[PDB]
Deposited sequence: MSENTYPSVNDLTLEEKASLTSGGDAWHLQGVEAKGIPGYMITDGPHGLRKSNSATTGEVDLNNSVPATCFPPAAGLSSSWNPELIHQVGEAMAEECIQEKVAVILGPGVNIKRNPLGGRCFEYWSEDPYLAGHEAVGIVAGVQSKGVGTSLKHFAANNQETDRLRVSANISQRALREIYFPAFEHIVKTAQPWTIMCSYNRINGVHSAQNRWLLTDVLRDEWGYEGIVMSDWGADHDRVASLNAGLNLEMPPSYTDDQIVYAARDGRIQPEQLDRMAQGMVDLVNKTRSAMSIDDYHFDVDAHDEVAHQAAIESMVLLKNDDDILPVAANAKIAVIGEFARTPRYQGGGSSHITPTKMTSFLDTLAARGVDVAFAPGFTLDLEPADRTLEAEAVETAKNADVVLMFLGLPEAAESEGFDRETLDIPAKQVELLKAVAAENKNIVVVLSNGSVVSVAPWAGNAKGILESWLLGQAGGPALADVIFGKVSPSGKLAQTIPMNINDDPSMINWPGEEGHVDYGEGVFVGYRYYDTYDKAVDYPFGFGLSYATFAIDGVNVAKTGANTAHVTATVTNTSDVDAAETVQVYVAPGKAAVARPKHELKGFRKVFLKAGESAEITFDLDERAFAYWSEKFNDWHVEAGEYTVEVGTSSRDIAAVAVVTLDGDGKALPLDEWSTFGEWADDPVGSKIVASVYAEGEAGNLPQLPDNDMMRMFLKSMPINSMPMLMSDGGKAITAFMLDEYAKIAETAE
């Protein structure tokens, strides 16, 4: 069907393998192939500073554990693309947060592969449900900014298969992103743009990826090598398509390979053609801002709430302290000019809530201002509750850099200590793109709300949660450690001499903490609410040789309507390989009014019990007992049940060098035992 690569000359085929400019696909308009615009936006359209809805960055939205809501954010993002003639929006990013100091953590979802895949899929399915393409971003293992253009992430196969791949694998198999962006870095000596094993063997031959692969901007170093590896599109164009033409003529590129790569670029245009032919579409600004309002509400995690200081009685004498309340930090250039943004101060003002405001500190690296500090003390001294807004200024999360500390600015801690001496009823609201330490100063706050980055609608969302219009329901998508030196990756971070060795293997984040009995400040999947919940009726049943099914009831046992996120972990027995004590294998968020109960189920397929075996070169379910844990946190388990699986029966060629235990576990060798 016209057009295809059969309708193109060699020069036209090769031109399709690199964009028209830094923001457009290659246009062959003479043969009906328009060069549609490609632009950023993991949390909203970022064209070019064109007003768009700034949704909460993923570091916040990952607190929702709500794929349906994330799917809804994607639909709004696509409709804005349809207005602005944008065929592909460059997101979402699903790289594992190996270390919380990673500079791009604000744009990623979790430290856990299952959570990242089952959350971020909402962006892909949502956007493309409107006919607009996405770009599953930085494939793969782009977990740091330090030396990102050169460093080789040296990773074992197990860690690649179990940690850094599954989020990519799930989104490719469940949805089907029309575009994938490879990472700048090398993996075991090979740049991703040039890695045929990554882009072809794994992505396409094993997983069935049907879409296109593009490079990150500048990531294509060898035009011919990248094309042969499976990279369809060089971005931005270096104006070197002549190298594809020459190589296609002298046998360095098989004609089938160029046809496959270029035809994919034609298919992308055809997949996005309908949405780009819609004339004079204008998206509902207020409707999209309300999606951002709801997305912002579910991006907050309540960490502590002594004496139920939250919610605030709304008629109370409020002292608002912290420049973040007047000059909000709500995103991560990645700047999106919001359609509308109202700060927390203007939100309380527009709602009739009368407060006393004191900046307290500045959002710069300048030393502490004793004058501003004293004013903030005089405020809150005359107040029922003090809402203090702390966190990281933009320069503490400078673009292109990894953090060197988890701490919030020291002068903000000093102000909190000084305020606490005159008023103990303090609620601290945190603004930060990635994990900040909490325990060193938590003693000065009765309530701690971790609001991450909320997007353009953070103001109204904060008022609704803090004043009890809605209960917070966020669960940590990231572990909050007692100290960065507890992280098993810190020893190999950020690397040296062009390489960083992922020596921790599969033991990343809570996978390490929960296995070696290490204290953390707040565990993965933790979060408080204004309501109380109870889990009972938990029943786990085997449904096959190596599958099980989970059934449980969750009940709102309070007088407050709120949501609870039930979490399922699999705790395997002693295995032939090292494994974390448990791993997240399912979750369900349920909105329940006061007194209501709900029955929820979880399917646990063979992959819920399987590790990657480098001996089998494949997933392997080992025979034995597996503990299914049901709870509301990785360290809040309500009920457990043991299932016994048969094993997947995979056998090994046996030789003299093997051990009797390798035959005892082999189906062919099990008969030789007796």
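Residues 1-4, 53-64, 349-350, 693-751 of the deposited sequence, counted from 1, carry no C-alpha coordinates in the model.
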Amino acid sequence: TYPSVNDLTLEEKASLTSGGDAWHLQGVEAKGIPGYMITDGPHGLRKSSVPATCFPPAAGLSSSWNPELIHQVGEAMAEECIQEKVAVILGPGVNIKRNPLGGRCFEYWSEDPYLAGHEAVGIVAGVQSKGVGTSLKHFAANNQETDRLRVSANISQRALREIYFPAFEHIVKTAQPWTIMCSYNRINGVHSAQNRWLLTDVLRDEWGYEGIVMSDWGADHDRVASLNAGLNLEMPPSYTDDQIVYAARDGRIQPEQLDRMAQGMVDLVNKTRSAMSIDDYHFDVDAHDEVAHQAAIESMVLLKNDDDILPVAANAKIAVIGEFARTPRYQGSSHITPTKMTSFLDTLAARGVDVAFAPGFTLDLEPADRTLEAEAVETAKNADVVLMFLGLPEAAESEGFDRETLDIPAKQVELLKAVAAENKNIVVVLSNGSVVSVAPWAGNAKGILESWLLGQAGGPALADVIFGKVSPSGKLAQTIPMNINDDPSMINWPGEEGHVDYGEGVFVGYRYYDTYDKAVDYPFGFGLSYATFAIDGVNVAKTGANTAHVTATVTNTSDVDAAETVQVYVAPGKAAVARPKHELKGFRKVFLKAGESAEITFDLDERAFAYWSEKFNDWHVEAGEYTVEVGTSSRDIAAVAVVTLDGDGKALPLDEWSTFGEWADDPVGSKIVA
From here on, numbers count along this sequence of modelled residues.
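Taking the mean C-alpha B-factor of each stretch as recorded, 519-527 and 532-540 are not equal, and the higher mean is that of 532-540. Annotation for 144-152 versus 383-391: the higher mean temperature factor (C-alpha) is found in 383-391. Annotation for 205, 290, 75, 486: 290 ranks highest, by Cα B-factor. In the PDB entry, the Cα temperature factor peaks, among 633, 26, 49, 66, at 49. Ranked against the other modelled residues of its chain, the C-alpha B-factor of residue 11 as given in the entry falls in the middle third. Sort the chain's modelled residues by C-alpha temperature factor and residue 122 lands in the lowest third, per the entry. Sort the modelled residues of the chain by CA B factor and residue 97 lands in the lowest third.
Among all modelled residues in its chain, residue 505 ranks in the lowest third by Cα B-factor.
Placement of the Cα temperature factor of residue 369 within the chain: highest third of the modelled residues, per the deposited record.
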